[PDB]
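What follows is one chain in structure tokens, specifically the form deposited in one PDB entry.
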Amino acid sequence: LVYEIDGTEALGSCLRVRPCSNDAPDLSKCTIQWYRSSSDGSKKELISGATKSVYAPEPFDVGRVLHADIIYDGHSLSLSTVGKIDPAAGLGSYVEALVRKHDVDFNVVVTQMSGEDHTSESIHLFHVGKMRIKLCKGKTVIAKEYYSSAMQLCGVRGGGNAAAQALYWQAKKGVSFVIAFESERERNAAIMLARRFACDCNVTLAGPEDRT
């Protein structure tokens, strides 16, 4: 019809809703929501906060069909990916190597703090450890939090084009960050590693409203 989903359907890539015609309303005037098919494929699960024309798959999306619903000028259109999101080749093996290191860190740039733009490009270290995550700038700790049921961590949902390289981390209520990695692979490794370490602490770490 009037819009379509475009993009490589793989972890590491970005998907976007794009107009098929110049007569299609501007995306800024549209209301968009993304969903993932459930694990048993029976229904679609709203990806909370994924309300932009751009959505970058994250690890929970692998093996799932993704969907975008759009309301435009009093009409509606339901779209989906051609198929299931492909995994990132070799990523599983990399994560296994990272597990053996105990605490690993990643160079990151902080782009948001508790919902507010953070313009500084200063490189931070994002530490993903057996029991805690911490974010540091040089010698100073910005945030440190042990895995907890309150914590959230997922691929970013509201900031496309950079999106495939960034994650959202809510350390605790009112304390959150959007953090950008040097590559998509590094971003996804950090998400998977944090989730593995959290799981070993009997914590199920996910994005807001995720079905696990």
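Rigid core (definition): largest C-alpha set, two forms, superposition within 1.5 Å. In this text, residue numbers run from 1 along the sequence as written.
Although it is not shown, the form deposited with a partner chain bound is what the next lines describe.
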{"query": "Heavy atom within 4.5 Å of its partner chain in the bound PDB entry - the one residue of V65, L27, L46, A162 that qualifies", "finding": "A162"}
{"query": "Segment assignment from 140-148, 28-36, 47-55, 65-73: heavy atom within 4.5 Å of its partner chain in the bound PDB entry", "finding": "47-55"}
{"query": "Check all three, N107, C154 and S176, heavy atom within 4.5 Å of its partner chain in the bound PDB entry", "finding": "yes"}
{"query": "Close approach of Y168 to its partner chain in the bound PDB entry, 4.5 Å, heavy atom", "finding": "yes"}
{"query": "4.5 Å heavy atom contact, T81 and its partner chain in the bound PDB entry", "finding": "no"}
{"query": "Exercise: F181 in contact with its partner chain in the bound PDB entry, heavy atom 4.5 Å", "finding": "yes"}
{"query": "Core-superposed comparison between this form and the one not shown: the option from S183, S148, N161, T51 whose CA moves 2 angstroms or more", "finding": "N161"}
{"query": "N22: Cα shift of 2 Å or greater between this form and the one not shown (core-aligned)", "finding": "yes"}
{"query": "Core-aligned CA displacement of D73 at least 2 Å between this form and the one not shown", "finding": "yes"}
